[PDB]
Every structure is written in C-alpha cells, then in structure tokens.
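**Student:** Once you've seen the sequence and the experimental structure below, I've got questions.
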Amino acid sequence: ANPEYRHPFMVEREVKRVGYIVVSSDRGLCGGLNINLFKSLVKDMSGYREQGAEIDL
Amino acid sequence: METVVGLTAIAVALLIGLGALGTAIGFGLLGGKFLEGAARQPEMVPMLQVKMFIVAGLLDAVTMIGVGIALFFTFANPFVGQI
C-alpha cells in the first residue's frame, strides 16, 4: 500500500558479511539433536568461508 | 459618453483580474497534489500528469469566457451602440 518506502530489511545488499542465530539445548541426553544441527551449520557456513565472506554468530 | 468608456476599462480589469486570481490559486492547489502524488509513486507520473490536464480543462473553463469578453470590450464595444 506504501511503495514510497522500503525498510532496509525488505531490500537485499549483495556484499560479503553474514550473521547466524544458533539454537541449542542446555541439557544432554539427546539422540543426535545438537550434532546433526552443527553438521548442517558447518555445511552452510563453509559456502560463505569459501566465497570469501565474513561470519558473525 | 465618458462614463460608459471609463466603466468599460474597470469592467475589463475586474473581468481579467478575477480570472488571473482564481486560476493561480486553483492550479496551485491541484499542482501541489500532483507533485505529492508523484513523490508517493514515480511509476504513475505519466498517468497522473494526464489526469491533471483533464481537470485543468474544467478549472480554466469560465476564466477564459471572461478573458474573451474582456478583450471584446477593449477593441469592440457593445455598450457604446446602446448610448
């Protein structure tokens, strides 16, 4: 309804720095919950490390 | 006869002057809304500009009937014949 304004969150800047919010448990006794999550995090983070981009966590 | 000629000069000034006053205030109102609309969305400017000229034909209608009659009182004169 208001095309005159576009908040910085609704427009993409194609530059080399990214951020991640990582959710994990406090307690143990989990059947691979954190392990499979960190494996997926490392898999996607490496794409940015290899593309020369910096990462914040 | 000098009253008819002198009062025709005032009639001409009132007839052109009240049209110069109305057209400048009336289009400054419309024009401001056109610039505001252009700022809200520059994609619709060609369409909005055409809509502004469509209203400009209604706004300047009667002001030209007075500019035509006033220029018809300065060169020709329908009141001198009437004595």
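**Tutor:** Now that the structure is in, tell me what you want to look at. Numbers count the residues shown, from 1 in each chain, chains lettered A, B, ... in the order given.

**Student:** Show me where chain A has its strands.
**Tutor:** A:17-19, A:54-56 (DSSP state E).

**Student:** Relative to residue B:62, which of those is closest?
**Tutor:** Between residue B:62 and the strands of chain A, the tightest spacing by C-beta to C-beta is seen for strand A:17-19, at 64.3 Å. To be clear about C-beta, it is placed using only N, CA and C from the backbone, and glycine gets the same treatment.

**Student:** Could you tell me how far the spatially most distant residue from the centre of chain A is located from residue B:40?
**Tutor:** What lies farthest from the middle of chain A is residue A:1; by C-alpha atoms, centre = their mean that is 30.5 Å. For residue A:1, the distance to residue B:40 (C-beta to C-beta, to the nearest Å) stands at 11 Å.

**Student:** follow-up on the earlier one: could I get the strands of chain A as a markdown table with distance to residue B:32 and mean neighbour count?
**Tutor:** Below are those laid out as a markdown table (distance: least, C-beta to C-beta, whole Å; neighbours: other C-beta atoms under 10 Å in any protein chain shown):
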| stretch | distance to residue B:32 | mean neighbour count |
| --- | --- | --- |
| strand A:17-19 | 44 | 11 |
| strand A:54-56 | 47 | 10 |
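
**Student:** Which among those is found nearest to residue A:36?
**Tutor:** Nearest to residue A:36, of all the strands of chain A, is strand A:54-56, at 20.2 Å by C-beta to C-beta.

**Student:** Remind me what the closest one packs against, helices and strands.
**Tutor:** Packing partners of strand A:54-56 (3 or more C-beta pairs under 8 Å, 6 or more residues apart in numbering or on different chains; DSSP states H and E): strand A:17-19, helix A:33-50.
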